[PDB]
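*Asks:* Okay, so here is coords_25.pdb, and as you'll see once you scroll down, it has PDB, C-alpha atoms.
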ATOM      1  CA  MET A   1       9.020   9.378 -18.094  1.00  0.00           C
ATOM      2  CA  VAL A   2       6.177   6.921 -17.754  1.00  0.00           C
ATOM      3  CA  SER A   3       7.667   3.364 -18.082  1.00  0.00           C
ATOM      4  CA  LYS A   4       6.361   0.301 -19.988  1.00  0.00           C
ATOM      5  CA  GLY A   5       5.552  -1.137 -16.592  1.00  0.00           C
ATOM      6  CA  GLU A   6       3.289   1.791 -15.579  1.00  0.00           C
ATOM      7  CA  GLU A   7       1.672   2.083 -19.045  1.00  0.00           C
ATOM      8  CA  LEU A   8       0.441  -1.551 -18.899  1.00  0.00           C
ATOM      9  CA  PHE A   9      -1.825  -0.496 -15.999  1.00  0.00           C
ATOM     10  CA  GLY A  10      -3.323   2.682 -17.422  1.00  0.00           C
ATOM     11  CA  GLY A  11      -6.717   0.981 -18.056  1.00  0.00           C
ATOM     12  CA  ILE A  12      -8.724  -2.082 -16.966  1.00  0.00           C
ATOM     13  CA  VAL A  13      -6.569  -5.290 -16.923  1.00  0.00           C
ATOM     14  CA  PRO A  14      -8.012  -8.802 -16.801  1.00  0.00           C
ATOM     15  CA  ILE A  15      -6.733 -10.933 -13.952  1.00  0.00           C
ATOM     16  CA  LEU A  16      -6.318 -14.698 -13.493  1.00  0.00           C
ATOM     17  CA  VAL A  17      -5.398 -16.341 -10.290  1.00  0.00           C
ATOM     18  CA  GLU A  18      -4.461 -20.024  -9.807  1.00  0.00           C
ATOM     19  CA  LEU A  19      -3.572 -21.459  -6.444  1.00  0.00           C
ATOM     20  CA  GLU A  20      -2.562 -24.966  -5.427  1.00  0.00           C
ATOM     21  CA  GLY A  21      -2.687 -25.549  -1.672  1.00  0.00           C
ATOM     22  CA  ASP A  22      -1.861 -28.255   0.938  1.00  0.00           C
ATOM     23  CA  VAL A  23      -2.640 -27.389   4.577  1.00  0.00           C
ATOM     24  CA  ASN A  24      -1.906 -30.265   7.035  1.00  0.00           C
ATOM     25  CA  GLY A  25      -2.242 -32.647   4.116  1.00  0.00           C
ATOM     26  CA  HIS A  26      -5.619 -31.200   2.982  1.00  0.00           C
ATOM     27  CA  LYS A  27      -5.096 -30.498  -0.754  1.00  0.00           C
ATOM     28  CA  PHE A  28      -7.157 -27.924  -2.614  1.00  0.00           C
ATOM     29  CA  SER A  29      -7.158 -25.759  -5.722  1.00  0.00           C
ATOM     30  CA  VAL A  30      -8.548 -22.256  -6.222  1.00  0.00           C
ATOM     31  CA  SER A  31      -9.214 -20.390  -9.481  1.00  0.00           C
ATOM     32  CA  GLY A  32      -9.927 -16.669  -9.657  1.00  0.00           C
ATOM     33  CA  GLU A  33     -10.974 -14.263 -12.396  1.00  0.00           C
ATOM     34  CA  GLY A  34     -11.738 -10.626 -12.620  1.00  0.00           C
ATOM     35  CA  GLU A  35     -10.159  -7.306 -13.365  1.00  0.00           C
ATOM     36  CA  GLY A  36      -8.003  -4.582 -11.930  1.00  0.00           C
ATOM     37  CA  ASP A  37      -8.077  -0.818 -12.519  1.00  0.00           C
ATOM     38  CA  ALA A  38      -4.807   0.613 -10.924  1.00  0.00           C
ATOM     39  CA  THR A  39      -5.880   4.173 -11.647  1.00  0.00           C
ATOM     40  CA  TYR A  40      -8.335   3.742  -8.725  1.00  0.00           C
ATOM     41  CA  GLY A  41      -6.501   0.980  -6.849  1.00  0.00           C
ATOM     42  CA  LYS A  42      -9.508  -1.246  -7.557  1.00  0.00           C
ATOM     43  CA  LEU A  43      -9.796  -5.071  -7.849  1.00  0.00           C
ATOM     44  CA  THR A  44     -12.925  -7.041  -8.500  1.00  0.00           C
ATOM     45  CA  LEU A  45     -12.474 -10.827  -8.331  1.00  0.00           C
ATOM     46  CA  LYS A  46     -14.410 -14.011  -7.942  1.00  0.00           C
ATOM     47  CA  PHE A  47     -12.660 -17.135  -6.590  1.00  0.00           C
ATOM     48  CA  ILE A  48     -13.814 -20.747  -6.793  1.00  0.00           C
ATOM     49  CA  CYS A  49     -12.552 -23.774  -4.937  1.00  0.00           C
ATOM     50  CA  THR A  50     -12.370 -26.231  -7.799  1.00  0.00           C
ATOM     51  CA  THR A  51     -11.746 -29.312  -5.632  1.00  0.00           C
ATOM     52  CA  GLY A  52     -14.945 -29.030  -3.534  1.00  0.00           C
ATOM     53  CA  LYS A  53     -15.032 -27.563   0.044  1.00  0.00           C
ATOM     54  CA  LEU A  54     -12.189 -25.265   0.914  1.00  0.00           C
ATOM     55  CA  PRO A  55     -10.462 -26.761   4.028  1.00  0.00           C
ATOM     56  CA  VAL A  56      -9.473 -23.381   5.480  1.00  0.00           C
ATOM     57  CA  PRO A  57     -11.454 -20.208   5.823  1.00  0.00           C
ATOM     58  CA  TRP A  58     -11.636 -17.996   2.781  1.00  0.00           C
ATOM     59  CA  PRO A  59     -10.457 -14.886   4.679  1.00  0.00           C
ATOM     60  CA  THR A  60      -7.146 -16.606   5.416  1.00  0.00           C
ATOM     61  CA  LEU A  61      -6.453 -16.757   1.674  1.00  0.00           C
ATOM     62  CA  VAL A  62      -7.268 -13.208   0.717  1.00  0.00           C
ATOM     63  CA  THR A  63      -3.693 -11.814   1.103  1.00  0.00           C
ATOM     64  CA  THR A  64      -2.194 -14.726  -0.878  1.00  0.00           C
ATOM     65  CA  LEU A  65      -4.715 -14.593  -3.695  1.00  0.00           C
ATOM     66  CA  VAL A  67      -1.504  -8.613  -7.102  1.00  0.00           C
ATOM     67  CA  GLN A  68      -0.094  -5.436  -5.466  1.00  0.00           C
ATOM     68  CA  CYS A  69       0.822  -4.170  -8.940  1.00  0.00           C
ATOM     69  CA  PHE A  70      -2.806  -2.912  -8.922  1.00  0.00           C
ATOM     70  CA  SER A  71      -2.221  -0.527  -5.988  1.00  0.00           C
ATOM     71  CA  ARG A  72      -2.797   3.158  -6.705  1.00  0.00           C
ATOM     72  CA  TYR A  73       0.466   5.023  -6.327  1.00  0.00           C
ATOM     73  CA  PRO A  74      -0.071   8.754  -6.050  1.00  0.00           C
ATOM     74  CA  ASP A  75       1.647  10.706  -8.760  1.00  0.00           C
ATOM     75  CA  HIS A  76       4.177  12.130  -6.252  1.00  0.00           C
ATOM     76  CA  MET A  77       5.013   8.494  -5.289  1.00  0.00           C
ATOM     77  CA  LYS A  78       5.220   6.849  -8.702  1.00  0.00           C
ATOM     78  CA  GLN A  79       9.006   6.396  -8.487  1.00  0.00           C
ATOM     79  CA  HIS A  80       8.453   4.102  -5.399  1.00  0.00           C
ATOM     80  CA  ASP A  81       6.206   1.491  -7.232  1.00  0.00           C
ATOM     81  CA  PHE A  82       8.339  -1.592  -7.424  1.00  0.00           C
ATOM     82  CA  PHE A  83       5.426  -3.796  -8.552  1.00  0.00           C
ATOM     83  CA  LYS A  84       4.741  -2.178 -11.859  1.00  0.00           C
ATOM     84  CA  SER A  85       8.450  -1.412 -12.530  1.00  0.00           C
ATOM     85  CA  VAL A  86       9.215  -5.107 -13.227  1.00  0.00           C
ATOM     86  CA  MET A  87       6.288  -5.649 -15.636  1.00  0.00           C
ATOM     87  CA  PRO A  88       5.571  -7.459 -17.919  1.00  0.00           C
ATOM     88  CA  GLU A  89       8.256  -9.980 -16.964  1.00  0.00           C
ATOM     89  CA  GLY A  90       7.020  -9.840 -13.341  1.00  0.00           C
ATOM     90  CA  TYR A  91       8.086 -10.688  -9.823  1.00  0.00           C
ATOM     91  CA  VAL A  92       8.253 -13.671  -7.450  1.00  0.00           C
ATOM     92  CA  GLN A  93       6.324 -13.021  -4.195  1.00  0.00           C
ATOM     93  CA  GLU A  94       7.103 -15.157  -1.123  1.00  0.00           C
ATOM     94  CA  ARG A  95       5.512 -15.012   2.289  1.00  0.00           C
ATOM     95  CA  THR A  96       5.428 -16.721   5.606  1.00  0.00           C
ATOM     96  CA  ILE A  97       2.151 -16.140   7.446  1.00  0.00           C
ATOM     97  CA  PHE A  98       2.206 -17.017  11.167  1.00  0.00           C
ATOM     98  CA  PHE A  99      -1.190 -17.689  12.716  1.00  0.00           C
ATOM     99  CA  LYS A 100      -0.834 -16.853  16.378  1.00  0.00           C
ATOM    100  CA  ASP A 101      -1.262 -19.980  18.487  1.00  0.00           C
ATOM    101  CA  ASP A 102      -1.669 -22.066  15.373  1.00  0.00           C
ATOM    102  CA  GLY A 103       0.089 -23.021  12.203  1.00  0.00           C
ATOM    103  CA  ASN A 104       1.762 -21.214   9.350  1.00  0.00           C
ATOM    104  CA  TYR A 105       1.385 -20.753   5.601  1.00  0.00           C
ATOM    105  CA  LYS A 106       4.370 -20.483   3.339  1.00  0.00           C
ATOM    106  CA  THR A 107       3.572 -19.239  -0.133  1.00  0.00           C
ATOM    107  CA  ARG A 108       5.442 -18.775  -3.440  1.00  0.00           C
ATOM    108  CA  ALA A 109       3.877 -16.985  -6.374  1.00  0.00           C
ATOM    109  CA  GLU A 110       4.805 -15.636  -9.772  1.00  0.00           C
ATOM    110  CA  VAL A 111       3.067 -12.547 -10.952  1.00  0.00           C
ATOM    111  CA  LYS A 112       3.426 -11.548 -14.624  1.00  0.00           C
ATOM    112  CA  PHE A 113       1.601 -10.816 -17.773  1.00  0.00           C
ATOM    113  CA  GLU A 114       0.419 -13.555 -20.189  1.00  0.00           C
ATOM    114  CA  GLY A 115      -0.555 -11.399 -23.114  1.00  0.00           C
ATOM    115  CA  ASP A 116      -2.941  -8.683 -21.922  1.00  0.00           C
ATOM    116  CA  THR A 117      -3.808 -10.664 -18.775  1.00  0.00           C
ATOM    117  CA  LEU A 118      -2.093 -10.341 -15.412  1.00  0.00           C
ATOM    118  CA  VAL A 119      -1.590 -13.746 -13.866  1.00  0.00           C
ATOM    119  CA  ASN A 120      -0.870 -14.745 -10.275  1.00  0.00           C
ATOM    120  CA  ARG A 121       0.248 -18.427  -9.990  1.00  0.00           C
ATOM    121  CA  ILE A 122       0.633 -19.529  -6.366  1.00  0.00           C
ATOM    122  CA  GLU A 123       1.598 -22.572  -4.365  1.00  0.00           C
ATOM    123  CA  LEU A 124       0.703 -22.563  -0.672  1.00  0.00           C
ATOM    124  CA  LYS A 125       1.943 -24.983   2.005  1.00  0.00           C
ATOM    125  CA  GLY A 126       0.469 -24.922   5.519  1.00  0.00           C
ATOM    126  CA  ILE A 127       1.821 -26.898   8.398  1.00  0.00           C
ATOM    127  CA  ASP A 128       1.426 -27.232  12.200  1.00  0.00           C
ATOM    128  CA  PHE A 129      -2.250 -26.354  12.305  1.00  0.00           C
ATOM    129  CA  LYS A 130      -4.569 -27.524  15.097  1.00  0.00           C
ATOM    130  CA  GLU A 131      -7.277 -29.870  13.869  1.00  0.00           C
ATOM    131  CA  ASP A 132     -10.011 -28.029  15.757  1.00  0.00           C
ATOM    132  CA  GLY A 133      -8.280 -24.673  15.838  1.00  0.00           C
ATOM    133  CA  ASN A 134      -9.709 -21.494  14.255  1.00  0.00           C
ATOM    134  CA  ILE A 135      -8.368 -22.326  10.808  1.00  0.00           C
ATOM    135  CA  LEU A 136      -9.085 -26.021  10.241  1.00  0.00           C
ATOM    136  CA  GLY A 137     -12.143 -25.719  12.504  1.00  0.00           C
ATOM    137  CA  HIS A 138     -13.625 -22.838  10.422  1.00  0.00           C
ATOM    138  CA  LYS A 139     -14.118 -20.414  13.283  1.00  0.00           C
ATOM    139  CA  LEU A 140     -13.361 -17.213  11.404  1.00  0.00           C
ATOM    140  CA  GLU A 141     -16.030 -14.693  10.368  1.00  0.00           C
ATOM    141  CA  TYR A 142     -16.515 -13.929   6.683  1.00  0.00           C
ATOM    142  CA  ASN A 143     -15.630 -10.376   6.757  1.00  0.00           C
ATOM    143  CA  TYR A 144     -13.729  -7.568   5.607  1.00  0.00           C
ATOM    144  CA  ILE A 145     -10.139  -7.067   5.985  1.00  0.00           C
ATOM    145  CA  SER A 146      -8.302  -3.762   6.378  1.00  0.00           C
ATOM    146  CA  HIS A 147      -4.743  -2.822   7.424  1.00  0.00           C
ATOM    147  CA  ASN A 148      -1.549  -1.254   6.256  1.00  0.00           C
ATOM    148  CA  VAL A 149       1.148  -3.154   4.359  1.00  0.00           C
ATOM    149  CA  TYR A 150       4.583  -1.740   5.328  1.00  0.00           C
ATOM    150  CA  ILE A 151       7.104  -1.815   2.522  1.00  0.00           C
ATOM    151  CA  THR A 152      10.903  -1.393   2.657  1.00  0.00           C
ATOM    152  CA  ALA A 153      13.566  -1.834   0.061  1.00  0.00           C
ATOM    153  CA  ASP A 154      15.709  -4.905  -0.074  1.00  0.00           C
ATOM    154  CA  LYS A 155      18.734  -3.531  -1.954  1.00  0.00           C
ATOM    155  CA  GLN A 156      20.616  -6.773  -1.537  1.00  0.00           C
ATOM    156  CA  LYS A 157      18.066  -8.822  -3.461  1.00  0.00           C
ATOM    157  CA  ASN A 158      17.097  -6.062  -5.945  1.00  0.00           C
ATOM    158  CA  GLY A 159      13.588  -6.094  -4.589  1.00  0.00           C
ATOM    159  CA  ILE A 160      11.456  -5.359  -1.566  1.00  0.00           C
ATOM    160  CA  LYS A 161      10.226  -6.682   1.807  1.00  0.00           C
ATOM    161  CA  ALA A 162       6.972  -6.139   3.516  1.00  0.00           C
ATOM    162  CA  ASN A 163       5.379  -6.810   6.874  1.00  0.00           C
ATOM    163  CA  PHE A 164       1.863  -6.507   8.161  1.00  0.00           C
ATOM    164  CA  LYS A 165      -0.603  -7.980  10.613  1.00  0.00           C
ATOM    165  CA  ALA A 166      -3.953  -9.185   9.596  1.00  0.00           C
ATOM    166  CA  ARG A 167      -6.462  -9.609  12.372  1.00  0.00           C
ATOM    167  CA  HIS A 168      -9.258 -12.001  11.617  1.00  0.00           C
ATOM    168  CA  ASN A 169     -12.360 -11.910  13.755  1.00  0.00           C
ATOM    169  CA  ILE A 170     -13.286 -15.228  15.338  1.00  0.00           C
ATOM    170  CA  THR A 171     -16.958 -16.313  15.669  1.00  0.00           C
ATOM    171  CA  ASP A 172     -16.668 -15.952  19.502  1.00  0.00           C
ATOM    172  CA  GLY A 173     -15.773 -12.243  19.228  1.00  0.00           C
ATOM    173  CA  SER A 174     -12.033 -12.763  19.714  1.00  0.00           C
ATOM    174  CA  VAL A 175      -9.276 -12.186  17.106  1.00  0.00           C
ATOM    175  CA  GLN A 176      -6.942 -14.487  15.205  1.00  0.00           C
ATOM    176  CA  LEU A 177      -3.668 -12.673  14.310  1.00  0.00           C
ATOM    177  CA  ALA A 178      -1.997 -13.606  11.029  1.00  0.00           C
ATOM    178  CA  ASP A 179       1.523 -12.073  11.063  1.00  0.00           C
ATOM    179  CA  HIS A 180       2.842 -11.672   7.468  1.00  0.00           C
ATOM    180  CA  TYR A 181       6.445 -11.490   6.293  1.00  0.00           C
ATOM    181  CA  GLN A 182       6.901 -10.873   2.559  1.00  0.00           C
ATOM    182  CA  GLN A 183       9.658 -10.719  -0.087  1.00  0.00           C
ATOM    183  CA  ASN A 184       9.360  -9.751  -3.655  1.00  0.00           C
ATOM    184  CA  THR A 185      12.183 -10.115  -6.286  1.00  0.00           C
ATOM    185  CA  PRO A 186      12.221  -9.554 -10.036  1.00  0.00           C
ATOM    186  CA  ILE A 187      11.835 -12.407 -12.469  1.00  0.00           C
ATOM    187  CA  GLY A 188      13.827 -10.694 -15.187  1.00  0.00           C
ATOM    188  CA  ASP A 189      17.073  -8.770 -15.164  1.00  0.00           C
ATOM    189  CA  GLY A 190      15.818  -5.164 -15.933  1.00  0.00           C
ATOM    190  CA  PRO A 191      16.094  -1.940 -13.947  1.00  0.00           C
ATOM    191  CA  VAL A 192      16.077  -1.927 -10.166  1.00  0.00           C
ATOM    192  CA  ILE A 193      13.487   0.377  -8.490  1.00  0.00           C
ATOM    193  CA  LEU A 194      13.972   0.279  -4.798  1.00  0.00           C
ATOM    194  CA  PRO A 195      11.348   2.385  -2.931  1.00  0.00           C
ATOM    195  CA  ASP A 196      11.649   4.544   0.117  1.00  0.00           C
ATOM    196  CA  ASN A 197       9.719   3.237   3.126  1.00  0.00           C
ATOM    197  CA  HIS A 198       5.996   3.560   2.648  1.00  0.00           C
ATOM    198  CA  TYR A 199       2.818   1.561   3.084  1.00  0.00           C
ATOM    199  CA  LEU A 200      -0.237   0.346   1.246  1.00  0.00           C
ATOM    200  CA  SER A 201      -3.565   1.215   2.804  1.00  0.00           C
ATOM    201  CA  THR A 202      -5.567  -1.937   1.931  1.00  0.00           C
ATOM    202  CA  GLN A 203      -9.252  -2.728   2.273  1.00  0.00           C
ATOM    203  CA  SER A 204     -11.357  -5.652   1.072  1.00  0.00           C
ATOM    204  CA  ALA A 205     -15.049  -6.491   1.152  1.00  0.00           C
ATOM    205  CA  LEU A 206     -16.006 -10.154   0.975  1.00  0.00           C
ATOM    206  CA  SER A 207     -19.333 -11.338  -0.403  1.00  0.00           C
ATOM    207  CA  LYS A 208     -21.177 -14.299  -2.043  1.00  0.00           C
ATOM    208  CA  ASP A 209     -22.765 -14.773  -5.505  1.00  0.00           C
ATOM    209  CA  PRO A 210     -26.271 -15.902  -4.772  1.00  0.00           C
ATOM    210  CA  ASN A 211     -26.328 -18.014  -7.945  1.00  0.00           C
ATOM    211  CA  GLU A 212     -23.165 -19.820  -7.162  1.00  0.00           C
ATOM    212  CA  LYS A 213     -23.259 -23.340  -5.746  1.00  0.00           C
ATOM    213  CA  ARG A 214     -19.533 -23.932  -5.577  1.00  0.00           C
ATOM    214  CA  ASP A 215     -17.499 -22.875  -2.545  1.00  0.00           C
ATOM    215  CA  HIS A 216     -16.417 -19.427  -3.497  1.00  0.00           C
ATOM    216  CA  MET A 217     -15.550 -15.868  -2.568  1.00  0.00           C
ATOM    217  CA  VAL A 218     -16.342 -12.549  -4.261  1.00  0.00           C
ATOM    218  CA  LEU A 219     -13.851  -9.797  -3.461  1.00  0.00           C
ATOM    219  CA  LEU A 220     -13.931  -6.047  -3.909  1.00  0.00           C
ATOM    220  CA  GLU A 221     -10.567  -4.456  -2.958  1.00  0.00           C
ATOM    221  CA  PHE A 222      -9.133  -0.972  -2.905  1.00  0.00           C
ATOM    222  CA  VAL A 223      -5.445  -0.250  -2.232  1.00  0.00           C
ATOM    223  CA  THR A 224      -3.636   3.107  -2.098  1.00  0.00           C
ATOM    224  CA  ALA A 225      -0.003   3.778  -1.457  1.00  0.00           C
ATOM    225  CA  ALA A 226       0.778   6.390   1.275  1.00  0.00           C
ATOM    226  CA  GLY A 227       3.380   7.466   3.836  1.00  0.00           C
ATOM    227  CA  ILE A 228       5.482   9.822   1.723  1.00  0.00           C
TER     228      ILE A 228
END
Starting from the file, give its structure as structure tokens.

*Replies:*
Amino acid sequence: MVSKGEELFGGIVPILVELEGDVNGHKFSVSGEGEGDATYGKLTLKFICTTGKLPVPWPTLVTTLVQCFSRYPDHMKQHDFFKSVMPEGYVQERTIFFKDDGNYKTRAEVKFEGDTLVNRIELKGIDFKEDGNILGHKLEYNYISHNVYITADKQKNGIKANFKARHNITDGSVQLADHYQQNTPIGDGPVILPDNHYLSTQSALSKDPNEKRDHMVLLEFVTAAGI
């Protein structure tokens, strides 16, 4: 049995991302486009800040800005919550705690609109230091790579995740971003609660040399593991 959910990701899927943000009263909007190929765990996206200069560093937004594109090994396909709820989708909520600084709280809906997988996000950041690493733009524009630890959340018919992102600071130090995540189904269909496992996640950040807007180009690979 391959499910409707799984079948929607058998080929290359167009992706749209729309984010509305407010961090310490700094409002901004981001739009993203590209495509995902779940067979290889592969995302290719370009994001634009449509309101001018982004007021936080681009690497702090990467995790917020579609885990339905992760590659689940065949022997782990019954543990893929993300595709099991498609096309109706899931709500994804996080709190992201920046060590010795503020926090993001995010709420997103991830679902199909026609053939296109959409991620609509609102982000609220509070308690940031004005000349801290985030509002002061002291984070390097590089890669990001860690494991995303997933566990079932039977009680809410969905899942939880936790992970630590460690952002390099321009002085050589590290800015920890401690993530707490919950995902729940939008619709009322079958409940696929996974065994404990993780997503091995990597992303390469780059710039389009022809682009004059504040922007980020992202190449991402994610593979499920641990079982």

*Asks:* Could you name the residues that touch residue 85 in chain A at 7 Å or less, counting all atoms listed in the file, but leaving out those on the same chain fewer than 2 positions away, as a list in words?

*Replies:*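 Listing them by chain and then by number gives residues 5, 6, 81, 82, 83, 87 and 193 of chain A.
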
*Asks:* Residues of range 134-156 of chain A within 10 Å of range 201-221 of chain A: nearest atom pair and distance (Å, one decimal) for each, counting all atoms listed in the file, sorted by chain and number, as CSV?

*Replies:*
residue,atom,partner,partner_atom,distance
A:142,CA,A:206,CA,6.9
A:143,CA,A:206,CA,5.8
A:144,CA,A:205,CA,4.8
A:145,CA,A:204,CA,5.3
A:146,CA,A:203,CA,4.3
A:147,CA,A:202,CA,5.6
A:148,CA,A:201,CA,4.7
A:149,CA,A:201,CA,6.6
A:150,CA,A:201,CA,9.0

*Asks:* Using Å and a single decimal, report how far CA of residue 185 in chain A sits from CA of residue 157 in chain A.

*Replies:*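 Computing it gives 6.7 Å between the two atoms.
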
*Asks:* Measure the distance from CA of residue 25 in chain A to CA of residue 101 in chain A in Å and round it to one decimal.

*Replies:* 19.2 Å

*Asks:* With all atoms listed in the file as the counted atoms, please give the residues lying no more than 10 Å from residue 89 in chain A, apart from itself and same-chain residues fewer than 5 positions off, as a list in words.

*Replies:*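 In the requested format, the answer is residues 5, 84, 110, 111, 112, 113, 114, 186, 187, 188, 189 and 190 of chain A.
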
*Asks:* Just the number, please: distance in Å from CA of residue 138 in chain A to CA of residue 55 in chain A, one decimal.

*Replies:*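 Taking CA of residue 138 in chain A as the start and CA of residue 55 in chain A as the end point, the length is 8.1 Å.
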
*Asks:* Using only C-alpha atoms, which protein or nucleic acid residues come within 8 Å of range 64-75 of chain A? Drop anything in the same chain fewer than 5 positions from it, and give the result as a list in words.

*Replies:*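 Surrounding residues, per the criterion: residues 9, 17, 19, 36, 37, 38, 39, 40, 41, 42, 43, 81, 83, 84, 107, 111, 120, 122, 200, 222, 223, 224, 225 and 226 of chain A.
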
*Asks:* Would you list the contacts of residue 100 in chain A as a ChimeraX atom specification, taking every protein, DNA or RNA residue within 12 Å and counting only C-alpha atoms, but skipping same-chain residues closer than 3 positions in sequence?

*Replies:* /A:97,103-105,128-130,133-135,165-168,175-180
